[PDB]
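Structure file model.pdb (PDB, C-alpha atoms) follows.
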ATOM      1  CA  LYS U   1     120.097  63.376  96.338  1.00  0.00           C
ATOM      2  CA  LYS U   2     117.911  64.372  99.357  1.00  0.00           C
ATOM      3  CA  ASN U   3     120.011  67.432 100.091  1.00  0.00           C
ATOM      4  CA  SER U   4     117.015  69.626 101.108  1.00  0.00           C
ATOM      5  CA  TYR U   5     118.718  72.872 100.125  1.00  0.00           C
ATOM      6  CA  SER U   6     116.743  75.946 101.141  1.00  0.00           C
ATOM      7  CA  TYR U   7     116.253  79.188  99.240  1.00  0.00           C
ATOM      8  CA  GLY U   8     116.310  80.857 102.675  1.00  0.00           C
ATOM      9  CA  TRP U   9     116.450  84.630 103.089  1.00  0.00           C
ATOM     10  CA  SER U  10     116.885  87.759 100.942  1.00  0.00           C
ATOM     11  CA  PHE U  11     116.503  85.984  97.620  1.00  0.00           C
ATOM     12  CA  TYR U  12     112.908  86.646  98.685  1.00  0.00           C
ATOM     13  CA  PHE U  13     113.855  90.348  98.929  1.00  0.00           C
ATOM     14  CA  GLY U  14     114.757  90.184  95.252  1.00  0.00           C
ATOM     15  CA  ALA U  15     111.368  88.603  94.541  1.00  0.00           C
ATOM     16  CA  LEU U  16     109.472  91.234  96.534  1.00  0.00           C
ATOM     17  CA  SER U  17     111.485  93.957  94.802  1.00  0.00           C
ATOM     18  CA  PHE U  18     110.269  92.579  91.464  1.00  0.00           C
ATOM     19  CA  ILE U  19     106.633  92.883  92.550  1.00  0.00           C
ATOM     20  CA  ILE U  20     107.126  96.372  94.007  1.00  0.00           C
ATOM     21  CA  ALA U  21     108.959  97.708  90.946  1.00  0.00           C
ATOM     22  CA  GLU U  22     106.252  96.408  88.662  1.00  0.00           C
ATOM     23  CA  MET U  23     103.502  98.078  90.700  1.00  0.00           C
ATOM     24  CA  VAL U  24     105.531 101.291  90.462  1.00  0.00           C
ATOM     25  CA  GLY U  25     105.690 101.004  86.673  1.00  0.00           C
ATOM     26  CA  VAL U  26     101.968 100.462  86.222  1.00  0.00           C
ATOM     27  CA  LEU U  27     101.215 103.462  88.420  1.00  0.00           C
ATOM     28  CA  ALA U  28     103.589 105.499  86.240  1.00  0.00           C
ATOM     29  CA  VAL U  29     101.499 104.626  83.195  1.00  0.00           C
ATOM     30  CA  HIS U  30      98.392 105.671  85.143  1.00  0.00           C
ATOM     31  CA  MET U  31     100.015 109.040  85.790  1.00  0.00           C
ATOM     32  CA  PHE U  32     100.839 109.455  82.101  1.00  0.00           C
ATOM     33  CA  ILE U  33      97.404 108.658  80.773  1.00  0.00           C
ATOM     34  CA  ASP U  34      95.570 110.753  83.353  1.00  0.00           C
ATOM     35  CA  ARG U  35      98.016 113.663  83.003  1.00  0.00           C
ATOM     36  CA  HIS U  36      97.587 113.615  79.227  1.00  0.00           C
ATOM     37  CA  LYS U  37      93.798 113.308  79.497  1.00  0.00           C
ATOM     38  CA  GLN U  38      93.903 116.487  81.600  1.00  0.00           C
ATOM     39  CA  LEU U  39      95.162 118.430  78.559  1.00  0.00           C
ATOM     40  CA  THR U  40      92.433 117.061  76.322  1.00  0.00           C
ATOM     41  CA  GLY U  41      89.372 118.950  77.560  1.00  0.00           C
ATOM     42  CA  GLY U  42      87.097 121.580  76.303  1.00  0.00           C
TER      43      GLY U  42
END
Let's see the structure in the file written out as structure tokens.
Amino acid sequence: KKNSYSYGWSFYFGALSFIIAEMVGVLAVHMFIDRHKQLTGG
């Protein structure tokens, strides 16, 4: 006990990649719904 292990570096890059990929996905759904609403009207 009392080892004080650190999660250090690029494990955080995996975490940031999660956040970035999810923001990408939600913007993709934005593009779908707006692009379909464009061919709705007249």
Axis-aligned box over every listed atom of range 6-16 of chain U, padded by 8 Å per side: centre and edges in Å to one decimal, as lines of an AutoDock Vina configuration file?
center_x = 113.2
center_y = 83.6
center_z = 98.8
size_x = 23.4
size_y = 31.3
size_z = 24.5
Q) What is the CA of residue 20 in chain U-CA of residue 35 in chain U distance in Å, reported with one decimal? A)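 According to the coordinates, CA of residue 20 in chain U and CA of residue 35 in chain U are separated by 22.4 Å.
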(Q) Would you compute the distance between CA of residue 21 in chain U and CA of residue 33 in chain U? Give it in Å to one decimal. (A) 18.9 Å
Q.
For a test of reading the model, state the distance in Å between CA of residue 7 in chain U and CA of residue 19 in chain U, rounded to one decimal.
A.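 Going from CA of residue 7 in chain U over to CA of residue 19 in chain U, I get 18.0 Å.
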From the structure just shown, export chain U with N, CA and C atoms as a PDB file, in the first residue's frame.
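The resulting file, part37.pdb, is reproduced below:
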ATOM      1  N   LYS U   1       0.863  -1.174   0.000  1.00  0.00           N
ATOM      2  CA  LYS U   1       0.000   0.000   0.000  1.00  0.00           C
ATOM      3  C   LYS U   1       0.912   1.240   0.000  1.00  0.00           C
ATOM      4  N   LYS U   2       0.338   2.403  -0.350  1.00  0.00           N
ATOM      5  CA  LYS U   2       1.038   3.681  -0.506  1.00  0.00           C
ATOM      6  C   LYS U   2       2.092   3.575  -1.601  1.00  0.00           C
ATOM      7  N   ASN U   3       1.645   3.118  -2.765  1.00  0.00           N
ATOM      8  CA  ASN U   3       2.509   2.980  -3.921  1.00  0.00           C
ATOM      9  C   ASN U   3       2.541   4.234  -4.774  1.00  0.00           C
ATOM     10  N   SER U   4       1.453   5.018  -4.760  1.00  0.00           N
ATOM     11  CA  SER U   4       1.330   6.309  -5.454  1.00  0.00           C
ATOM     12  C   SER U   4       1.614   6.180  -6.948  1.00  0.00           C
ATOM     13  N   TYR U   5       1.069   5.126  -7.548  1.00  0.00           N
ATOM     14  CA  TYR U   5       1.167   4.930  -8.986  1.00  0.00           C
ATOM     15  C   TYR U   5       0.447   6.058  -9.713  1.00  0.00           C
ATOM     16  N   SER U   6       1.020   6.487 -10.827  1.00  0.00           N
ATOM     17  CA  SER U   6       0.483   7.603 -11.588  1.00  0.00           C
ATOM     18  C   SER U   6      -0.084   7.085 -12.898  1.00  0.00           C
ATOM     19  N   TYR U   7      -1.169   7.703 -13.358  1.00  0.00           N
ATOM     20  CA  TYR U   7      -1.697   7.403 -14.681  1.00  0.00           C
ATOM     21  C   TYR U   7      -1.019   8.201 -15.779  1.00  0.00           C
ATOM     22  N   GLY U   8      -0.071   9.067 -15.416  1.00  0.00           N
ATOM     23  CA  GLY U   8       0.910   9.680 -16.296  1.00  0.00           C
ATOM     24  C   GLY U   8       0.450  10.315 -17.589  1.00  0.00           C
ATOM     25  N   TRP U   9       1.123   9.943 -18.668  1.00  0.00           N
ATOM     26  CA  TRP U   9       0.898  10.450 -20.015  1.00  0.00           C
ATOM     27  C   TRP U   9      -0.072   9.559 -20.790  1.00  0.00           C
ATOM     28  N   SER U  10       0.072   9.491 -22.117  1.00  0.00           N
ATOM     29  CA  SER U  10      -0.929   9.357 -23.187  1.00  0.00           C
ATOM     30  C   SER U  10      -2.180   8.489 -23.013  1.00  0.00           C
ATOM     31  N   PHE U  11      -2.302   7.767 -21.904  1.00  0.00           N
ATOM     32  CA  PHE U  11      -3.622   7.385 -21.401  1.00  0.00           C
ATOM     33  C   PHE U  11      -4.634   8.541 -21.463  1.00  0.00           C
ATOM     34  N   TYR U  12      -4.187   9.734 -21.061  1.00  0.00           N
ATOM     35  CA  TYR U  12      -4.939  10.956 -21.313  1.00  0.00           C
ATOM     36  C   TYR U  12      -5.212  11.200 -22.796  1.00  0.00           C
ATOM     37  N   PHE U  13      -4.313  10.782 -23.705  1.00  0.00           N
ATOM     38  CA  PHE U  13      -4.608  10.978 -25.128  1.00  0.00           C
ATOM     39  C   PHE U  13      -5.758  10.083 -25.555  1.00  0.00           C
ATOM     40  N   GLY U  14      -5.844   8.887 -24.966  1.00  0.00           N
ATOM     41  CA  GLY U  14      -7.021   8.055 -25.184  1.00  0.00           C
ATOM     42  C   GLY U  14      -8.299   8.704 -24.679  1.00  0.00           C
ATOM     43  N   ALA U  15      -8.220   9.349 -23.514  1.00  0.00           N
ATOM     44  CA  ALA U  15      -9.391  10.033 -22.956  1.00  0.00           C
ATOM     45  C   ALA U  15      -9.845  11.204 -23.837  1.00  0.00           C
ATOM     46  N   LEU U  16      -8.885  12.018 -24.268  1.00  0.00           N
ATOM     47  CA  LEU U  16      -9.192  13.151 -25.131  1.00  0.00           C
ATOM     48  C   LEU U  16      -9.739  12.685 -26.469  1.00  0.00           C
ATOM     49  N   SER U  17      -9.225  11.559 -26.972  1.00  0.00           N
ATOM     50  CA  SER U  17      -9.718  10.995 -28.220  1.00  0.00           C
ATOM     51  C   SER U  17     -11.166  10.553 -28.096  1.00  0.00           C
ATOM     52  N   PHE U  18     -11.545  10.021 -26.925  1.00  0.00           N
ATOM     53  CA  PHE U  18     -12.956   9.736 -26.655  1.00  0.00           C
ATOM     54  C   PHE U  18     -13.824  10.975 -26.822  1.00  0.00           C
ATOM     55  N   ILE U  19     -13.426  12.072 -26.169  1.00  0.00           N
ATOM     56  CA  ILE U  19     -14.239  13.292 -26.209  1.00  0.00           C
ATOM     57  C   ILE U  19     -14.345  13.833 -27.631  1.00  0.00           C
ATOM     58  N   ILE U  20     -13.223  13.814 -28.355  1.00  0.00           N
ATOM     59  CA  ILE U  20     -13.174  14.355 -29.711  1.00  0.00           C
ATOM     60  C   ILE U  20     -14.039  13.528 -30.653  1.00  0.00           C
ATOM     61  N   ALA U  21     -13.940  12.196 -30.550  1.00  0.00           N
ATOM     62  CA  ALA U  21     -14.717  11.319 -31.418  1.00  0.00           C
ATOM     63  C   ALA U  21     -16.205  11.472 -31.159  1.00  0.00           C
ATOM     64  N   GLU U  22     -16.570  11.739 -29.907  1.00  0.00           N
ATOM     65  CA  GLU U  22     -17.987  11.872 -29.619  1.00  0.00           C
ATOM     66  C   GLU U  22     -18.540  13.187 -30.159  1.00  0.00           C
ATOM     67  N   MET U  23     -17.742  14.257 -30.074  1.00  0.00           N
ATOM     68  CA  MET U  23     -18.141  15.526 -30.679  1.00  0.00           C
ATOM     69  C   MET U  23     -18.273  15.405 -32.195  1.00  0.00           C
ATOM     70  N   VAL U  24     -17.410  14.595 -32.808  1.00  0.00           N
ATOM     71  CA  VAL U  24     -17.511  14.329 -34.238  1.00  0.00           C
ATOM     72  C   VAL U  24     -18.828  13.633 -34.567  1.00  0.00           C
ATOM     73  N   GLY U  25     -19.201  12.637 -33.759  1.00  0.00           N
ATOM     74  CA  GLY U  25     -20.433  11.904 -34.024  1.00  0.00           C
ATOM     75  C   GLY U  25     -21.682  12.761 -33.905  1.00  0.00           C
ATOM     76  N   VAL U  26     -21.715  13.644 -32.904  1.00  0.00           N
ATOM     77  CA  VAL U  26     -22.906  14.472 -32.745  1.00  0.00           C
ATOM     78  C   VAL U  26     -23.003  15.495 -33.874  1.00  0.00           C
ATOM     79  N   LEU U  27     -21.855  15.969 -34.372  1.00  0.00           N
ATOM     80  CA  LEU U  27     -21.918  16.874 -35.510  1.00  0.00           C
ATOM     81  C   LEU U  27     -22.348  16.144 -36.780  1.00  0.00           C
ATOM     82  N   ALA U  28     -22.032  14.849 -36.879  1.00  0.00           N
ATOM     83  CA  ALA U  28     -22.516  14.054 -38.005  1.00  0.00           C
ATOM     84  C   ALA U  28     -24.035  13.963 -38.005  1.00  0.00           C
ATOM     85  N   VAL U  29     -24.626  13.802 -36.820  1.00  0.00           N
ATOM     86  CA  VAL U  29     -26.085  13.741 -36.755  1.00  0.00           C
ATOM     87  C   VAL U  29     -26.705  15.091 -37.097  1.00  0.00           C
ATOM     88  N   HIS U  30     -26.043  16.183 -36.691  1.00  0.00           N
ATOM     89  CA  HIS U  30     -26.451  17.517 -37.133  1.00  0.00           C
ATOM     90  C   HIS U  30     -26.486  17.621 -38.647  1.00  0.00           C
ATOM     91  N   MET U  31     -25.428  17.126 -39.299  1.00  0.00           N
ATOM     92  CA  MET U  31     -25.364  17.192 -40.754  1.00  0.00           C
ATOM     93  C   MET U  31     -26.466  16.374 -41.400  1.00  0.00           C
ATOM     94  N   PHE U  32     -26.796  15.216 -40.816  1.00  0.00           N
ATOM     95  CA  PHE U  32     -27.896  14.420 -41.361  1.00  0.00           C
ATOM     96  C   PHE U  32     -29.216  15.153 -41.269  1.00  0.00           C
ATOM     97  N   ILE U  33     -29.536  15.673 -40.086  1.00  0.00           N
ATOM     98  CA  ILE U  33     -30.879  16.199 -39.897  1.00  0.00           C
ATOM     99  C   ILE U  33     -31.061  17.497 -40.670  1.00  0.00           C
ATOM    100  N   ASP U  34     -30.002  18.305 -40.774  1.00  0.00           N
ATOM    101  CA  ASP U  34     -30.111  19.526 -41.556  1.00  0.00           C
ATOM    102  C   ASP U  34     -30.142  19.214 -43.048  1.00  0.00           C
ATOM    103  N   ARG U  35     -29.334  18.242 -43.493  1.00  0.00           N
ATOM    104  CA  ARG U  35     -29.294  17.882 -44.903  1.00  0.00           C
ATOM    105  C   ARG U  35     -30.591  17.222 -45.347  1.00  0.00           C
ATOM    106  N   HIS U  36     -31.267  16.498 -44.452  1.00  0.00           N
ATOM    107  CA  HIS U  36     -32.575  15.968 -44.803  1.00  0.00           C
ATOM    108  C   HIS U  36     -33.655  17.030 -44.745  1.00  0.00           C
ATOM    109  N   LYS U  37     -33.557  17.977 -43.805  1.00  0.00           N
ATOM    110  CA  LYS U  37     -34.535  19.057 -43.734  1.00  0.00           C
ATOM    111  C   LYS U  37     -34.442  19.973 -44.951  1.00  0.00           C
ATOM    112  N   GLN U  38     -33.272  20.020 -45.594  1.00  0.00           N
ATOM    113  CA  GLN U  38     -33.142  20.759 -46.849  1.00  0.00           C
ATOM    114  C   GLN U  38     -34.041  20.187 -47.948  1.00  0.00           C
ATOM    115  N   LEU U  39     -34.121  18.862 -48.075  1.00  0.00           N
ATOM    116  CA  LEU U  39     -35.071  18.287 -49.034  1.00  0.00           C
ATOM    117  C   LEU U  39     -36.418  17.965 -48.381  1.00  0.00           C
ATOM    118  N   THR U  40     -36.941  18.934 -47.649  1.00  0.00           N
ATOM    119  CA  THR U  40     -38.309  18.873 -47.162  1.00  0.00           C
ATOM    120  C   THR U  40     -39.163  20.029 -47.638  1.00  0.00           C
ATOM    121  N   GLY U  41     -38.567  21.183 -47.914  1.00  0.00           N
ATOM    122  CA  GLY U  41     -39.313  22.334 -48.382  1.00  0.00           C
ATOM    123  C   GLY U  41     -38.761  23.655 -47.885  1.00  0.00           C
ATOM    124  N   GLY U  42     -42.351  22.553 -49.906  1.00  0.00           N
ATOM    125  CA  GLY U  42     -41.949  23.817 -50.509  1.00  0.00           C
ATOM    126  C   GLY U  42     -42.947  24.918 -50.173  1.00  0.00           C
TER     127      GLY U  42
END
